[PDB]
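*Asks:* Please read through the structure below; I'll follow up with questions.
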Amino acid sequence: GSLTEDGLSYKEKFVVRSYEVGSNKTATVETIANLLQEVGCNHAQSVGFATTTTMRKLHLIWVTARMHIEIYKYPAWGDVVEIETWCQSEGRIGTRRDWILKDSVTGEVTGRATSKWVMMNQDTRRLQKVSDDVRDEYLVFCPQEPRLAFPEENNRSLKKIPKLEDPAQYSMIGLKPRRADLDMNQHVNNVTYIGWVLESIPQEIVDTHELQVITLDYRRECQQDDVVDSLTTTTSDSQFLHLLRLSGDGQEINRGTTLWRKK
Amino acid sequence: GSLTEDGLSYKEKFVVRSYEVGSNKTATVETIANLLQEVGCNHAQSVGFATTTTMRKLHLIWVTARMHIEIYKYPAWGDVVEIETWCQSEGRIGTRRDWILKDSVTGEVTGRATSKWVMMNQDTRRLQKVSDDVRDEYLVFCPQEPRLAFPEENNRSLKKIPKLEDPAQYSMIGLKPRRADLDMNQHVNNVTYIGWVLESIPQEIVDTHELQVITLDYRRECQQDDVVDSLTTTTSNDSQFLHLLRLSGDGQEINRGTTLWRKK
Ligand SMILES: Cc1cccc(C(=O)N2CCC(C(N)=O)CC2)c1
Ligand SMILES: Cc1cccc(C(=O)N2CCC(C(N)=O)CC2)c1
C-alpha cells in the first residue's frame with residue numbers, strides 16, 4: 001500500500017482469500033468491511049498517526065456513527081481488488097472517511113463506501129464537537145475541496161433510518177461475541193455488528209439475492225457480557241429494516257437498512 | 001505465492017492485518033490457523049486441484065482428523081511472515097500436510113504445524129482407506145523421502161488425548177456459528193472449532209500467558225442448528241489444559257484437545 005502522488009489519499013491491493021468468500025465463491029460483505037478497515041488503518045499509519053497529538057492528551061477518540069456500503073460486483077476468490085481511501089473534515093460535527101473499490105485487472109469501480117466519525121471521550125463515552133486545534137492537525141492530510149464517494153444529491157448514504165416496531169418479521173436471538181470478534185483494544189470489531197445485522201435475514205434470501213446496499217447507524221457498543229438480538233422486517237429488489245438491541249432490557253445498539261438484488 | 005524450485009512445496013508471504021491481532025498487537029492463533037489454511041489452498045490450486053480426478057468421480061473428500069500447532073513468536077501487526085507448506089502420503093491411512101512459519105526479515109522459524117487428513121465419502125460421511133489410484137495421483141506432488149515439521153522421537157503432535165470428565169473446571173455454553181463462520185461449501189470452518197476450544201480458557205490466563213502449543217482432534221462436525229459447549233480443565237512457568245467440545249443437547253463429542261501456555 002502507498003499514499004498517492006499528492007499525499008491526500010491512500011491505495012492498497014488485496015488478493016481475495018479462500019476463507020473470505022461465501023457460497024458463490026465471492027467475498028462476503030464482512031470481508032469487504034474488514035478490508036475497508038485495514039486500508040483505513042494503513043492510511044492513518046502512513047501519515048504519522050487515528051488519534052492526533054491533541055486528542056491523546058485530552059483522551060479523545062474517533063468512533064463510527066454511520067457506515068454506508070454499495071457493492072456492484074463482489075470480487076471472486078483469487079481476484080485482486082484495489083481500494084482507495086481518503087478523509088475529509090465535516091466542520092465541528094466530525095470527520096468522514098470514504099473508499100472506492102476497483103477491479104485491479106479492468107480498473108472498473110466495483111464498489112464504494114462512506115463513513116461518519118464523531119469525537120468521543122474514551123472514558124466517559126461523551127461526544128464532543130471538533131475543536132480548531134484537532135482540525136488543522138487533521139486538515140493537512142485531507143483534500144480541501146470536497147471529494148465524495150457518494151456525490152449524488154439525495155443519495156442513500158444520508159437517508160434517515162426509522163426504528164423497527166415490534167413484532168419483527170424475522171429474528172436471531174442471543175448473539176454473543178467470541179474473542180475473535182474483539183479488536184486489539186478489547187472492543188467488539190465494528191464488522192461484527194454487520195454480521196449480527198445480517199444474521200436475521202432468512203437463508204432463502206441470502207441464497208437467491210446479492211446484497212447491493214447496507215447502511216448502519218451505531219448508537220451504543222456491545223459491552224462486556226452483553227448479548228444481542230437481531231431483528232428484521234421487509235419494507236419492500238427487496239429492502240429490509242434492521243434493529244440490533246440488548247437481549248435483556250431491549251436497549252438499542254444499532255439500526256440499519258439493506259437493499260438486495262435477485263441473482 | 002509460488003511453488004519452490006523442485007515443485008514439491010509452496011511458499012507464500014503475508015502482512016499481518018490490524019483486525020488479525022489481539023491485545024498484545026500480535027496475530028492470534030486463529031489468524032495463524034486461517035493463514036495455514038490459505039497457503040494450503042494456494043498450494044493445491046498451483047498443482048492442478050484438494051480432490052483428485054478419482055476422488056471427484058467417487059464423491060470422496062479429504063477431512064481433518066487432527067491439527068497440531070506450535071508457536072515460538074507470534075508476528076506483530078504489520079510484520080511479514082513467510083509460510084512454507086507441503087504434503088506427504090501416510091500409506092493407506094491418509095495424508096499429512098505440514099507447515100513452517102518464518103519471520104520474513106530474520107529468516108528465523110517462528111512456528112510449525114502439522115495436520116492429519118482422512119478420506120471420506122461426501123454424502124454418507126463414512127471414512128475409507130486410500131486406494132492405489134488416489135495415492136498415485138497425488139504422490140507426484142509430494143516429497144518421496146520423509147520431510148517432517150515435527151521430526152523429534154516422542155513429539156507432542158502424536159500424543160493420545162483423553163476424554164475430559166464431568167465436572168469441567170471451566171466452561172462456555174451455547175456457542176453457535178454465524179454465517180462468517182461458514183466456508184464456501186456451507187460447512188463450519190475448521191478454525192472456528194479452535195476459537196470455540198479457546199472460549200472456555202479464563203480471560204486471566206489469556207491476559208498473562210501466551211499460547212505455545214495446541215493439539216486438536218476432530219471427531220464430528222457442528223451441523224445445521226447445532227449448538228456447542230466448550231469445556232476445559234487444568235491438567236498441570238507453564239500451564240496445560242484438557243479441552244472438550246460437545247453438542248449442547250445430547251452431549252455428543254465433536255472435538256477434544258490440549259493446550260500448553262507459557263507465562264509472558
Ligand atoms: C472485552 C469484551 C468486550 C465486549 C464483549 C465481551 C464479551 O462479552 N465476550 C467476548 C469474550 C468472552 C470470553 N472470555 O470468551 C465471551 C464474551 C468482552
Ligand atoms: C449451513 C450451516 C452449517 C452448520 C451450521 C449452521 C448453523 O447452525 N448456523 C449458521 C448460519 C445460520 C443463519 N442462517 O444465520 C445460523 C446458525 C449452518
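Convention: chains lettered A, B, ... in C-alpha cells order; per-chain residue numbering from 1; ligands numbered from 1 as shown.
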Taking only C-alpha atoms and all ligand atoms and a cut-off of 9 Å, can you tell me which residues surround ligand 1, written as a PyMOL selection string?

*Replies:* (chain A and resi 176-182+185-188+221-227) or (chain B and resi 172+195-196+198-203+206)

*Asks:* Keeping N, CA, C and O atoms, export the residues of the selection given above as a short mmCIF file (atom, residue, chain, number, x, y, z; two decimals), in the first residue's frame.

*Replies:*
```cif
data_model
loop_
_atom_site.label_atom_id
_atom_site.label_comp_id
_atom_site.auth_asym_id
_atom_site.auth_seq_id
_atom_site.Cartn_x
_atom_site.Cartn_y
_atom_site.Cartn_z
N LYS A 176 -23.77 -13.64 20.73
CA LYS A 176 -22.72 -13.20 21.66
C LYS A 176 -21.35 -13.26 21.03
O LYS A 176 -21.05 -14.14 20.23
N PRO A 177 -20.52 -12.24 21.30
CA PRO A 177 -19.18 -12.22 20.70
C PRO A 177 -18.25 -13.26 21.29
O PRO A 177 -18.34 -13.59 22.49
N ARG A 178 -17.34 -13.78 20.46
CA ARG A 178 -16.26 -14.62 20.99
C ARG A 178 -14.95 -13.75 20.93
O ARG A 178 -15.03 -12.57 20.52
N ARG A 179 -13.80 -14.26 21.38
CA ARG A 179 -12.57 -13.45 21.38
C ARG A 179 -12.17 -12.97 19.99
O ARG A 179 -11.70 -11.84 19.85
N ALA A 180 -12.42 -13.79 18.94
CA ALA A 180 -12.12 -13.39 17.55
C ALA A 180 -12.88 -12.15 17.10
O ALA A 180 -12.43 -11.45 16.19
N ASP A 181 -14.02 -11.85 17.74
CA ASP A 181 -14.83 -10.67 17.43
C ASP A 181 -14.26 -9.38 18.06
O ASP A 181 -14.80 -8.31 17.81
N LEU A 182 -13.23 -9.47 18.91
CA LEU A 182 -12.69 -8.28 19.59
C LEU A 182 -11.50 -7.70 18.82
O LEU A 182 -10.73 -8.45 18.24
N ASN A 185 -7.94 -3.42 21.09
CA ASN A 185 -8.30 -2.65 22.28
C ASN A 185 -9.38 -3.32 23.16
O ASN A 185 -9.87 -2.69 24.10
N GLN A 186 -9.74 -4.57 22.86
CA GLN A 186 -10.75 -5.35 23.60
C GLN A 186 -12.16 -4.75 23.49
O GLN A 186 -12.96 -4.84 24.41
N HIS A 187 -12.45 -4.18 22.33
CA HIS A 187 -13.76 -3.67 21.97
C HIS A 187 -14.27 -4.56 20.84
O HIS A 187 -13.46 -5.05 20.03
N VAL A 188 -15.58 -4.75 20.73
CA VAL A 188 -16.14 -5.56 19.65
C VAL A 188 -15.86 -4.84 18.30
O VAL A 188 -16.10 -3.63 18.19
N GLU A 221 -22.26 0.52 22.04
CA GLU A 221 -21.44 -0.67 21.87
C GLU A 221 -21.99 -1.88 22.63
O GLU A 221 -22.70 -1.73 23.63
N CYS A 222 -21.66 -3.09 22.16
CA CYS A 222 -21.96 -4.33 22.87
C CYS A 222 -20.79 -4.42 23.85
O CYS A 222 -19.64 -4.53 23.43
N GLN A 223 -21.06 -4.23 25.15
CA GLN A 223 -20.05 -4.21 26.21
C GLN A 223 -19.82 -5.59 26.83
O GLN A 223 -20.52 -6.55 26.50
N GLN A 224 -18.88 -5.71 27.78
CA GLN A 224 -18.61 -6.98 28.46
C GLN A 224 -19.89 -7.69 28.98
O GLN A 224 -20.69 -7.06 29.70
N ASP A 225 -20.10 -8.96 28.57
CA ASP A 225 -21.21 -9.85 28.95
C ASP A 225 -22.56 -9.52 28.28
O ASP A 225 -23.55 -10.17 28.59
N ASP A 226 -22.59 -8.54 27.38
CA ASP A 226 -23.83 -8.20 26.67
C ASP A 226 -24.17 -9.30 25.63
O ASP A 226 -23.28 -9.90 25.02
N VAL A 227 -25.46 -9.53 25.43
CA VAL A 227 -26.00 -10.48 24.46
C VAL A 227 -26.94 -9.66 23.55
O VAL A 227 -27.64 -8.76 24.04
N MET B 172 -17.87 -22.63 28.64
CA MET B 172 -18.53 -21.56 27.88
C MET B 172 -19.63 -22.32 27.12
O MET B 172 -19.33 -23.18 26.30
N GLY B 195 -11.31 -21.50 17.89
CA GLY B 195 -11.87 -20.40 18.68
C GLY B 195 -12.78 -20.89 19.81
O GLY B 195 -12.65 -20.45 20.95
N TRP B 196 -13.69 -21.83 19.49
CA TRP B 196 -14.63 -22.37 20.47
C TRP B 196 -13.89 -23.09 21.60
O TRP B 196 -14.24 -22.89 22.76
N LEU B 198 -10.84 -22.41 22.74
CA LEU B 198 -10.23 -21.33 23.49
C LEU B 198 -11.23 -20.49 24.31
O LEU B 198 -10.83 -19.89 25.32
N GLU B 199 -12.51 -20.49 23.92
CA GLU B 199 -13.53 -19.73 24.64
C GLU B 199 -13.62 -20.07 26.14
O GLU B 199 -13.88 -19.18 26.95
N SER B 200 -13.41 -21.35 26.52
CA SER B 200 -13.50 -21.72 27.93
C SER B 200 -12.20 -21.50 28.73
O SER B 200 -12.20 -21.76 29.93
N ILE B 201 -11.11 -21.01 28.11
CA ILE B 201 -9.90 -20.67 28.86
C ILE B 201 -10.22 -19.33 29.55
O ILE B 201 -10.70 -18.40 28.87
N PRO B 202 -9.99 -19.20 30.88
CA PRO B 202 -10.30 -17.93 31.55
C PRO B 202 -9.52 -16.75 30.99
O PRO B 202 -8.36 -16.89 30.59
N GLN B 203 -10.14 -15.58 31.00
CA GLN B 203 -9.53 -14.35 30.48
C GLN B 203 -8.21 -14.00 31.18
O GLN B 203 -7.29 -13.54 30.52
N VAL B 206 -5.47 -15.83 29.43
CA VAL B 206 -5.19 -15.17 28.15
C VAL B 206 -4.38 -13.88 28.34
O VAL B 206 -3.41 -13.64 27.62
#
```

*Asks:* So which residues touch segment 133-140 of chain A within 12 Å, counting only C-alpha atoms, skipping near sequence neighbours fewer than 6 positions away, as a PDB file with C-alpha atoms, in the first residue's frame?

*Replies:*
```pdb
ATOM      1  CA  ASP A   6      -0.362  14.336  -3.835  1.00  0.00           C
ATOM      2  CA  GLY A   7      -0.261  12.592  -0.404  1.00  0.00           C
ATOM      3  CA  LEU A   8      -4.026  13.224   0.079  1.00  0.00           C
ATOM      4  CA  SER A   9      -5.275   9.611  -0.385  1.00  0.00           C
ATOM      5  CA  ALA A  44      -3.529   6.644   9.296  1.00  0.00           C
ATOM      6  CA  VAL A  47       0.667   9.874   7.712  1.00  0.00           C
ATOM      7  CA  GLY A  48       2.022   9.666  11.281  1.00  0.00           C
ATOM      8  CA  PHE A  49      -0.960   8.541  13.406  1.00  0.00           C
ATOM      9  CA  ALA A  50      -6.192   7.809  14.090  1.00  0.00           C
ATOM     10  CA  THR A  51      -5.708   9.925  17.250  1.00  0.00           C
ATOM     11  CA  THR A  52      -3.852  13.226  16.795  1.00  0.00           C
ATOM     12  CA  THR A  53      -1.353  14.683  19.359  1.00  0.00           C
ATOM     13  CA  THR A  54      -4.059  16.922  20.894  1.00  0.00           C
ATOM     14  CA  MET A  55      -6.565  14.029  21.011  1.00  0.00           C
ATOM     15  CA  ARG A  56      -4.146  11.793  23.049  1.00  0.00           C
ATOM     16  CA  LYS A  57      -3.643  14.453  25.769  1.00  0.00           C
ATOM     17  CA  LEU A  58      -7.430  15.096  26.070  1.00  0.00           C
ATOM     18  CA  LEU A  60     -10.357  11.780  22.834  1.00  0.00           C
ATOM     19  CA  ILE A  61     -11.016   9.070  20.191  1.00  0.00           C
ATOM     20  CA  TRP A  62     -12.844   8.798  16.829  1.00  0.00           C
ATOM     21  CA  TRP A  86      -9.288   9.379   1.987  1.00  0.00           C
ATOM     22  CA  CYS A  87     -10.703  11.507   4.824  1.00  0.00           C
ATOM     23  CA  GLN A  88     -12.469  14.857   4.958  1.00  0.00           C
ATOM     24  CA  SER A  89     -13.348  17.243   7.747  1.00  0.00           C
ATOM     25  CA  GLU A  90     -17.100  17.919   8.219  1.00  0.00           C
ATOM     26  CA  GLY A  91     -16.685  21.099  10.283  1.00  0.00           C
ATOM     27  CA  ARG A  92     -17.428  20.758  14.002  1.00  0.00           C
ATOM     28  CA  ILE A  93     -19.630  17.633  13.558  1.00  0.00           C
ATOM     29  CA  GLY A  94     -16.773  15.234  12.965  1.00  0.00           C
ATOM     30  CA  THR A  95     -14.975  13.562  10.095  1.00  0.00           C
ATOM     31  CA  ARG A  96     -15.797  11.367   7.112  1.00  0.00           C
ATOM     32  CA  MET A 119     -15.135  12.637  18.569  1.00  0.00           C
TER      33      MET A 119
END
```

*Asks:* Against ligand 2, which residues of chain B fall within 9 Å? For each one I want the closest pair of atoms and the distance in Å (one decimal), counting only C-alpha atoms and all ligand atoms, rows by chain and increasing residue number, as a tab-separated table.

*Replies:*
```
residue	atom	partner	partner_atom_place_in_ligand_line	distance
B:176	CA	ligand 2	17 (C)	6.4
B:177	CA	ligand 2	10 (C)	4.9
B:178	CA	ligand 2	10 (C)	4.5
B:179	CA	ligand 2	11 (C)	4.5
B:180	CA	ligand 2	11 (C)	8.1
B:181	CA	ligand 2	10 (C)	7.3
B:182	CA	ligand 2	3 (C)	6.8
B:185	CA	ligand 2	1 (C)	8.4
B:186	CA	ligand 2	1 (C)	4.7
B:187	CA	ligand 2	3 (C)	4.9
B:188	CA	ligand 2	4 (C)	5.4
B:221	CA	ligand 2	4 (C)	8.2
B:222	CA	ligand 2	4 (C)	5.8
B:223	CA	ligand 2	4 (C)	4.2
B:224	CA	ligand 2	5 (C)	3.7
B:225	CA	ligand 2	8 (O)	3.5
B:226	CA	ligand 2	8 (O)	5.4
B:227	CA	ligand 2	8 (O)	7.3
```

*Asks:* Quick one: which residues from chain B are at most 7 Å off chain A, using only C-alpha atoms, as a list in words?

*Replies:*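 Only these qualify: residues 17, 18, 19, 21, 22, 23, 25, 38, 178, 183, 184, 185, 186 and 199 of chain B.
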
*Asks:* Deliver the residues from the most recent selection as a file, using N, CA, C and O atoms, as a tab-separated table (two decimals), in the first residue's frame.

*Replies:*
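This is the output file part-v6.tsv:
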```tsv
chain	number	residue	atom	x	y	z
B	17	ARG	N	-2.54	-8.18	9.43
B	17	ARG	CA	-3.55	-7.11	9.38
B	17	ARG	C	-4.00	-6.59	10.73
B	17	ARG	O	-3.93	-7.33	11.71
B	18	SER	N	-4.48	-5.32	10.80
B	18	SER	CA	-4.97	-4.70	12.03
B	18	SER	C	-6.03	-5.52	12.79
B	18	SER	O	-5.97	-5.59	14.02
B	19	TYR	N	-7.03	-6.08	12.07
B	19	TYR	CA	-8.08	-6.88	12.71
B	19	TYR	C	-7.65	-8.34	12.99
B	19	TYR	O	-8.41	-9.10	13.58
B	21	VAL	N	-4.99	-9.12	14.88
B	21	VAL	CA	-4.21	-9.19	16.12
B	21	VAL	C	-5.06	-9.06	17.37
B	21	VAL	O	-6.14	-8.45	17.32
B	22	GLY	N	-4.54	-9.59	18.48
B	22	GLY	CA	-5.15	-9.50	19.81
B	22	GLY	C	-4.65	-8.31	20.62
B	22	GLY	O	-4.08	-7.37	20.05
B	23	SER	N	-4.83	-8.35	21.96
B	23	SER	CA	-4.44	-7.27	22.87
B	23	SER	C	-2.93	-6.98	22.90
B	23	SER	O	-2.53	-5.85	23.18
B	25	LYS	N	-1.08	-6.87	20.24
B	25	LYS	CA	-0.72	-6.38	18.90
B	25	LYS	C	0.06	-7.43	18.09
B	25	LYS	O	0.83	-7.07	17.20
B	38	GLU	N	-5.12	-20.94	4.11
B	38	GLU	CA	-4.98	-20.18	2.87
B	38	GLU	C	-3.78	-20.66	2.03
B	38	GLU	O	-3.93	-20.90	0.82
B	178	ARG	N	-22.14	-18.19	13.27
B	178	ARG	CA	-22.87	-17.23	12.45
B	178	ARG	C	-22.42	-17.48	10.97
B	178	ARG	O	-21.61	-18.41	10.74
B	183	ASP	N	-17.58	-21.92	5.59
B	183	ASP	CA	-16.73	-21.87	4.41
B	183	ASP	C	-17.61	-21.78	3.13
B	183	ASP	O	-18.86	-21.80	3.21
B	184	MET	N	-16.97	-21.70	1.94
B	184	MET	CA	-17.67	-21.61	0.67
B	184	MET	C	-18.61	-22.81	0.43
B	184	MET	O	-19.56	-22.68	-0.33
B	185	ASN	N	-18.38	-23.96	1.09
B	185	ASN	CA	-19.22	-25.15	0.94
B	185	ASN	C	-20.33	-25.25	2.00
B	185	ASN	O	-21.01	-26.28	2.07
B	186	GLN	N	-20.54	-24.18	2.80
B	186	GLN	CA	-21.58	-24.11	3.83
B	186	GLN	C	-21.35	-25.12	4.96
B	186	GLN	O	-22.29	-25.63	5.56
B	199	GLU	N	-12.51	-20.49	23.92
B	199	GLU	CA	-13.53	-19.73	24.64
B	199	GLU	C	-13.62	-20.07	26.14
B	199	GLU	O	-13.88	-19.18	26.95
```

*Asks:* How far is it from atom CA of residue 63 of chain A to atom CA of residue 125 of chain A, in Å with one decimal?

*Replies:* 9.9 Å

*Asks:* What does the structure give for the distance between atom CA of residue 98 of chain B and atom CA of residue 62 of chain B, in Å to one decimal?

*Replies:*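 Rounded to one decimal, the two atoms are 15.0 Å apart.
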